[PDB]
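Below is one structure, written out as structure tokens; the observations come after it.
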Amino acid sequence: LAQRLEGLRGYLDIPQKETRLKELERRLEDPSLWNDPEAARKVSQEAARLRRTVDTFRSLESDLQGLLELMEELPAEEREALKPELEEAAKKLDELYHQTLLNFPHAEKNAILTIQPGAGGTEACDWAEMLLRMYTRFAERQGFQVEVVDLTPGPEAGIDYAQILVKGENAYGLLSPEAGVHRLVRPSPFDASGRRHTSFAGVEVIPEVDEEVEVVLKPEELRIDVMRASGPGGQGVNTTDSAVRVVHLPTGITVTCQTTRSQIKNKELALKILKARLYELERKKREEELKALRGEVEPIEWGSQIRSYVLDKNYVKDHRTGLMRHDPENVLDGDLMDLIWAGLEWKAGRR
Amino acid sequence: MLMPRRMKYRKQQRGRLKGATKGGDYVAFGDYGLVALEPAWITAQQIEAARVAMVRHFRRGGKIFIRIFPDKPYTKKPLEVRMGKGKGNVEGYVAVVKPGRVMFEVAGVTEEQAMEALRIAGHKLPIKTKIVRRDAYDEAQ
RNA sequence: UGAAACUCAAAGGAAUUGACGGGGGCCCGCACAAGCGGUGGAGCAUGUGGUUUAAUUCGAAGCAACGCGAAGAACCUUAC
RNA sequence: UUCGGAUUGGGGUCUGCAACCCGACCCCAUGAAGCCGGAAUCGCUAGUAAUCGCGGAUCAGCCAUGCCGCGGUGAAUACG
RNA sequence: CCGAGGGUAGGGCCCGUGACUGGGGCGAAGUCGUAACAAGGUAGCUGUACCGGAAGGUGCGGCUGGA
RNA sequence: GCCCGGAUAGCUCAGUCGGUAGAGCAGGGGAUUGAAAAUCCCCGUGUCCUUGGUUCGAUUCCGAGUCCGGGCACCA
RNA sequence: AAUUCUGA
RNA sequence: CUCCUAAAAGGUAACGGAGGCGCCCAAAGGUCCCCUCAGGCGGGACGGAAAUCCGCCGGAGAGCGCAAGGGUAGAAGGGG
RNA sequence: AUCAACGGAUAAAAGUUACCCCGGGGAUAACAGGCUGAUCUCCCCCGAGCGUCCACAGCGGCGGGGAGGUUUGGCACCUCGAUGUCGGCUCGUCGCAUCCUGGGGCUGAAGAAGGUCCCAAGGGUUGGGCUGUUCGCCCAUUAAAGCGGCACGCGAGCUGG
Ligand SMILES: [Mg+2]
Ligand SMILES: [Mg+2]
Ligand SMILES: [Mg+2]
Ligand SMILES: [Mg+2]
Ligand SMILES: [Mg+2]
Ligand SMILES: [Mg+2]
Ligand SMILES: [Mg+2]
Ligand SMILES: [Mg+2]
Ligand SMILES: [Mg+2]
Ligand SMILES: [Mg+2]
Ligand SMILES: [Mg+2]
Ligand SMILES: [Mg+2]
Ligand SMILES: [Mg+2]
Ligand SMILES: [Mg+2]
Ligand SMILES: [Mg+2]
Ligand SMILES: [Mg+2]
Ligand SMILES: [Mg+2]
Ligand SMILES: [Mg+2]
Ligand SMILES: [Mg+2]
Ligand SMILES: [Mg+2]
Ligand SMILES: [Mg+2]
Ligand SMILES: [Mg+2]
Ligand SMILES: [Mg+2]
Ligand SMILES: [Mg+2]
Ligand SMILES: [Mg+2]
Ligand SMILES: [Mg+2]
Ligand SMILES: [Mg+2]
Ligand SMILES: [Mg+2]
Ligand SMILES: [Mg+2]
Ligand SMILES: [Mg+2]
Ligand SMILES: [Mg+2]
Ligand SMILES: [Mg+2]
Ligand SMILES: [Mg+2]
Ligand SMILES: [Mg+2]
Ligand SMILES: [Mg+2]
Ligand SMILES: [Mg+2]
Ligand SMILES: [Mg+2]
Ligand SMILES: [Mg+2]
Ligand SMILES: [Mg+2]
Ligand SMILES: [Mg+2]
Ligand SMILES: [Mg+2]
Ligand SMILES: [Mg+2]
Ligand SMILES: [Mg+2]
Ligand SMILES: [Mg+2]
Ligand SMILES: [Mg+2]
Ligand SMILES: [Mg+2]
Ligand SMILES: [Mg+2]
Ligand SMILES: [Mg+2]
Ligand SMILES: [Mg+2]
Ligand SMILES: [Mg+2]
Ligand SMILES: [Mg+2]
Ligand SMILES: [Mg+2]
Ligand SMILES: [Mg+2]
Ligand SMILES: [Mg+2]
Ligand SMILES: [Mg+2]
Ligand SMILES: [Mg+2]
Ligand SMILES: [Mg+2]
Ligand SMILES: [Mg+2]
Ligand SMILES: [Mg+2]
Ligand SMILES: [Mg+2]
Ligand SMILES: [Mg+2]
Ligand SMILES: [Mg+2]
Ligand SMILES: [Mg+2]
Ligand SMILES: [Mg+2]
Ligand SMILES: [Mg+2]
Ligand SMILES: [Mg+2]
Ligand SMILES: [Mg+2]
Ligand SMILES: [Mg+2]
Ligand SMILES: [Mg+2]
Ligand SMILES: [Mg+2]
């Protein structure tokens with residue numbers, strides 16, 4: 001975490017790529033099309049900031065006993081001159097490390113976890129309820145406004161569904177790696193002979209985004225024809241352009257209407273339908289987008305877990321990274337800040 | 001936008017426009033102002049669409065004084081409906097404006113930005129306007 | 001009259017020993033019934049779930065865990 | 001209510017280095033809820049139940065109304 | 001004359017394919033109820049008939065692998 | 001567009017001459033259960049859609065508005 | 001005339 | 001029936017703007033005699049921000065059974 | 001007496017007609033014209049802001065001014081002693097607000113291609129599938145497969161879906 005942060009950042013890698021930036025940089029090769037220039041210095045600052053990183057490390061490493069003299073001498077100034085450059089250091093130590101992780105699209109949004117009990121029927125419905133209390137307490141004590149969306153207390157035990165809001169900053173970026181399958185091994189409190197069975201669950205997580213609903217269509221967005229309606233009407237139907245036709249060029253969807261004898265009221269009913277059928281293509285694409293934001297995994301059956309929890313052998317093995325703690329009880333109650341970082345490191349690794 | 005929040009009667013007669021303002025011929029607020037040359041009913045939509053045209057031009061600057069207020073209910077019969085059968089329904093609101101009326105006036109800005117933030121608003125009005133700066137009539141002795 | 005693909009490591013007969021029966025016969029126990037005094041209500045003591053907390057140390061969980069380890073927690077104890 | 005003694009203010013003794021969290025008592029002043037307890041539900045067949053008081057272990061003190069003992073008074077009912 | 005073969009017309013068999021649809025096997029977790037195994041909580045099963053979200057129910061006669 | 005009828009607890013719905021406010025369901029606390037259901041006690045929350053007015057007071061009686069339910073839009 | 005009890 | 005439209009007499013149309021009436025009082029009627037409001041500011045146990053009191057200031061903004069208008073306390077209003 | 005249709009026809013009364021009829025009306029609707037131009041089509045003013053940069057290569061928020069007389073309307077002026085109504089076919093002709101082809105300025109025009117505005121109708125502007133269709137969509141092309149006015153041209157020229 002603190003002592004380890006360095007390595008997994010391109011600690012030795014970056015400091016070699018860094019000069020590759022400035023590499024092609026100099027020698028203005030007919031600087032025509034603007035491209036690297038942008039991500040030229042910004043990618044550079046990253047570099048020599050691994051020194052500010054080894055300075056806040058050294059200033060924080062030369063700080064291990066950087067108070068051995070303050071354990072022998074309390075009053076002075078030659079000992080309060082580097083300190084105003086040491087308090088700020090223990091700050092960036094965290095900064096240049098968690099500002100390298102959360103470094104992705106939209107995380108600072110309020111999150112929305114969802115818990116659905118996988119296999120194991122009733123066990124899973126309960127193990128689900130426990131997984132609920134977990135993030136809750138966590139996010140709760142973590143300084144996050146927690147709003148309960150849903151809670152469907154299933155059949156015999158536990159729940160069937162749960163969805164809650166995570167009001168705060170980077171709430172999503174935090175409770176994001178959690179998204180996935182969570183297994184639970186322990187003798188079934190439900191089973192008869194307190195036998196040993198395995199439980200599964202699903203925990204989805206997504207950023208809060210859409211709040212409004214706007215669907216207005218510019219005139220040029222469409223096209224309106226008018227022709228003589230087909231049907232009864234004697235001279236009328238014959239010599240009037242009562243029949244309308246709205247066509248939305250982009251989608252190609254078109255609507256026709258000869259309902260009433262008024263070209264006018266028919267345009268009205270027309271668009272009225274057109275809109276309706278436009279929101280349907282608007283919501284059809286409004287969800288094929290946000291649903292591809294759930295993932296591409298989680299069959300919620302066996303062998304899909306990404307971190308199991310055991311209680312009759314006290315431990316918690318995170319399959320994703322390999323990490324394995326020995327305090328299931330602590331994890332299931334808040335303790336997460338450990339596996340959350342790591343969870344990211346693993347992930348953000350490929351981007 | 002910009003309409004009353006009351007009035008005793010929802011719809012009122014069309015009235016008539018016999019020239020020369022009833023008042024508001026002198027500029028009694030800001031430095032430079034805008035005065036109407038030809039009679040007309042200015043719409044709520046127009047007043048606003050010029051008030052912004054104004055600010056937007058000189059963003060984060062002086063103060064604008066709107067001295068006309070649309071308190072006349074403007075009506076109109078639906079489309080394709082025939083004559084009679086009661087008075088049309090309200091469309092929006094207008095403000096009566098006769099020749100000489102100082103509609104607008106800006107304050108706390110350079111004449112450079114005055115005789116411009118006005119020239120623009122003028123193009124948003126259905127009538128001819130002219131610009132003026134405080135002069136003859138002042139409230140003193 | 002009468003198949004197949006596909007799929008399972010069994011399907012199945014009888015007879016054992018038990019367990020079980022809103023099967024039977026026989027028979028016990030404050031099990032009911034007969035009777036007396038309580039609990040649930042109230043204020044307080046204590047144990048526990050829970051929540052809260054920097055921590056509110058751990059265990060016990062139906063009967064057979066909950067005045068149980070505790071036949072003595074101000075610091076000791078004491079594990080937080 | 002001369003029932004019932006919660007809560008609270010004020011004054012004190014004692015143990016302990018020290019009792020604000022957190023001690024047990026003492027005295028003055030407060031005097032709360034509670035007019036026999038819904039659905040339910042426990043114990044006991046005789047010196048038993050019910051009822052009264054005492055002792056010990058623990059232990060400086062003590063949150064014991066707990067636990068383990070001792071005796072004093074002394075029932076009801078059991079067809080089946 | 002016959003004649004390989006080519007064309008024309010209509011048949012028969014088999015293989016492949018088809019929007020949709022029928023029921024089937026399998027599937028360590030759903031929803032509904034609980035039909036059968038103990039007088040299985042209306043003894044069960046059976047050929048057939050009618051009915052019903054579903055097991056199933058009921059009628060008629062048959063068997064006992066039930067009383 | 002016209003003309004009827006609506007909106008009341010979380011869902012489905014009663015209710016009054018103008019002062020009041022409800023039922024069945026869901027839901028919370030208890031009880032039997034080994035544990036659920038069922039069953040059994042205890043429970044409560046509503047501007048009675050919005051916005052005006054009349055009244056001393058409006059869920060209630062009138063104006064208007066929004067959403068939903070019906071019925072018509074015919075001769076050419 | 002009173003159901004249900006998954007999966008090591 | 002009341003206002004406006006209606007162009008300072010009266011009158012004046014439109015499927016023009018906006019509302020009321022189809023009753024009511026045995027006192028809400030005659031007359032005689034008294035009385036004067038609504039509000040606002042301070043003061044006052046319960047007391048809203050108007051219950052009933054007290055004191056100043058208040059020319060009619062109150063009241064007049066119900067729509068609107070005119071009228072009106074030098075009473076048409078309040079009481080006997 | 002809700003004779004409330006409120007100067008009150010009887011004491012006493014609803015529908016339907018595409019099976020219809022007569023008397024009347026262009027005093028009055030449906031077609032066409034007319035007047036109007038809200039709607040429609042085209043044009044322009046302003047310049048927020050877009051266009052990596054830069055208001056105007058290409059665009060134009062809020063607002064504003066017009067033109068045309070193709071559409072849906074408003075009105076009800078000739079015509080009800082009759083002005084035959086859709087589409088197709090045939091025959092065309094006029095407009096320009098140009099779909100090709102001829103000229104030309106800009107360009108975010110390298111070139112070939114395009115885009116936008118200007119000038120310019122001389123002549124051109126295909127064949128089919130579906131539908132009564134106008135309108136549209138599609139197939140196969142093309143230099144292009146223009147938009148309108150002519151009583152939505154044309155039934156004493158035809159068809160009659
Ligand atoms: Mg589920
Ligand atoms: Mg759900
Ligand atoms: Mg017809
Ligand atoms: Mg027509
Ligand atoms: Mg305001
Ligand atoms: Mg004059
Ligand atoms: Mg055979
Ligand atoms: Mg056998
Ligand atoms: Mg027996
Ligand atoms: Mg005994
Ligand atoms: Mg009690
Ligand atoms: Mg342990
Ligand atoms: Mg514990
Ligand atoms: Mg103790
Ligand atoms: Mg310690
Ligand atoms: Mg103390
Ligand atoms: Mg009792
Ligand atoms: Mg007692
Ligand atoms: Mg031959
Ligand atoms: Mg076949
Ligand atoms: Mg069967
Ligand atoms: Mg059964
Ligand atoms: Mg049975
Ligand atoms: Mg049964
Ligand atoms: Mg049968
Ligand atoms: Mg039956
Ligand atoms: Mg039978
Ligand atoms: Mg409701
Ligand atoms: Mg009440
Ligand atoms: Mg009820
Ligand atoms: Mg309950
Ligand atoms: Mg319960
Ligand atoms: Mg209630
Ligand atoms: Mg039952
Ligand atoms: Mg079930
Ligand atoms: Mg089982
Ligand atoms: Mg007059
Ligand atoms: Mg006059
Ligand atoms: Mg007063
Ligand atoms: Mg008060
Ligand atoms: Mg009189
Ligand atoms: Mg009198
Ligand atoms: Mg009569
Ligand atoms: Mg009559
Ligand atoms: Mg009459
Ligand atoms: Mg009659
Ligand atoms: Mg017929
Ligand atoms: Mg005939
Ligand atoms: Mg006939
Ligand atoms: Mg006849
Ligand atoms: Mg005739
Ligand atoms: Mg005429
Ligand atoms: Mg005439
Ligand atoms: Mg006409
Ligand atoms: Mg004509
Ligand atoms: Mg515009
Ligand atoms: Mg024309
Ligand atoms: Mg016309
Ligand atoms: Mg006329
Ligand atoms: Mg005619
Ligand atoms: Mg003639
Ligand atoms: Mg003729
Ligand atoms: Mg030209
Ligand atoms: Mg070129
Ligand atoms: Mg053809
Ligand atoms: Mg055809
Ligand atoms: Mg032509
Ligand atoms: Mg024609
Ligand atoms: Mg025909
Ligand atoms: Mg024919």
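Please note that chains go A, B, ... in the order of the structure tokens, that every chain numbers its residues from 1, and that ligands are numbered from 1 in the order shown.
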
List as a tab-separated table every residue of chain I that is in contact with chain B, defined as an atom at most 9 Å from one of its atoms (using only C-alpha atoms (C1' of nucleotides)), together with the nearest atom pair and the distance in Å rounded to one decimal, sorted by chain and then rising number.
```
residue	atom	partner	partner_atom	distance
I:38	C1'	B:79	CA	7.5
I:39	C1'	B:79	CA	7.9
I:45	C1'	B:123	CA	7.4
I:46	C1'	B:123	CA	5.3
I:47	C1'	B:120	CA	8.3
I:48	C1'	B:56	CA	7.4
I:62	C1'	B:49	CA	5.3
I:63	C1'	B:124	CA	4.6
I:64	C1'	B:124	CA	5.1
I:65	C1'	B:126	CA	8.2
I:72	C1'	B:80	CA	7.8
I:73	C1'	B:80	CA	5.2
I:74	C1'	B:82	CA	6.5
```

Could you list, as a VMD selection string, all residues that come within 9 Å of ligand 13? Count only C-alpha atoms (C1' of nucleotides) and all ligand atoms.
chain C and resid 48 57 to 59

Take the residues from that selection and write them out as a PDB file, in the first residue's frame, keeping C-alpha atoms (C1' of nucleotides).
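Writing the result to out-v2.pdb gives the following:
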```pdb
ATOM      1  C1'   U C  48     -28.730 -11.589  24.499  1.00  0.00           C
ATOM      2  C1'   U C  57     -12.644  -8.083  23.275  1.00  0.00           C
ATOM      3  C1'   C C  58     -14.234 -13.597  22.626  1.00  0.00           C
ATOM      4  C1'   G C  59     -17.575 -17.789  23.063  1.00  0.00           C
TER       5        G C  59
END
```

Give me, as a compact mmCIF listing (two decimals) with N, CA, C and O atoms, in the first residue's frame, the contact residues of chain A against chain G at a cut-off of 7 Å, counting only C-alpha atoms (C1' of nucleotides).
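Contents of out18.txt, as written:
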```txt
# COMPACT_ATOMS: atom_id res chain seq x y z
N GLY A 120 -28.00 -21.76 -4.74
CA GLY A 120 -28.01 -22.08 -3.32
C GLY A 120 -29.34 -21.68 -2.74
O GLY A 120 -29.56 -21.70 -1.53
N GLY A 121 -30.24 -21.30 -3.64
CA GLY A 121 -31.56 -20.89 -3.24
C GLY A 121 -31.63 -19.97 -2.04
O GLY A 121 -31.21 -18.82 -2.09
N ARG A 196 -22.19 -28.67 5.14
CA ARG A 196 -21.38 -27.64 4.48
C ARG A 196 -21.73 -27.47 3.00
O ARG A 196 -21.48 -28.36 2.18
N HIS A 197 -22.32 -26.33 2.66
CA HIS A 197 -22.72 -26.02 1.29
C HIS A 197 -22.13 -24.68 0.86
O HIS A 197 -21.77 -23.85 1.70
```

Please, which residues of segment 128-293 of chain A, numbered as in this document, come out helix (DSSP H, G or I) from DSSP, as number ranges by chain?
A: 128-141, 171-174, 219-221, 234-239, 263-290

List as CSV every residue of chain B that is in contact with chain H, defined as an atom at most 7 Å from one of its atoms (using only C-alpha atoms (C1' of nucleotides)), together with the nearest atom pair and the distance in Å rounded to one decimal, sorted by chain and then rising number.
```
residue,atom,partner,partner_atom,distance
B:12,CA,H:17,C1',7.0
B:84,CA,H:15,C1',5.8
B:85,CA,H:15,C1',4.2
B:86,CA,H:15,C1',6.3
B:87,CA,H:16,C1',7.0
```

Can you tell me, as a PyMOL selection string, what residues are no more than 6 Å from segment 27-39 of chain C when counting only C-alpha atoms (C1' of nucleotides), ignoring any on the same chain fewer than 5 positions away?
chain D and resi 50+76-78

Serialized selection, C-alpha atoms (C1' of nucleotides), as a PDB file, in the first residue's frame:
```
ATOM      1  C1'   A D  50     -46.641 -21.198  47.846  1.00  0.00           C
ATOM      2  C1'   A D  76     -55.006 -27.859  46.737  1.00  0.00           C
ATOM      3  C1'   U D  77     -55.984 -31.725  43.565  1.00  0.00           C
ATOM      4  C1'   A D  78     -55.397 -36.428  40.783  1.00  0.00           C
TER       5        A D  78
END
```

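Near ligand 32, the residues found within 12 Å are residues 28, 29, 30, 31, 32, 33, 35, 36, 37, 39, 40 and 41 of chain F (criterion computed using only C-alpha atoms (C1' of nucleotides) and all ligand atoms).
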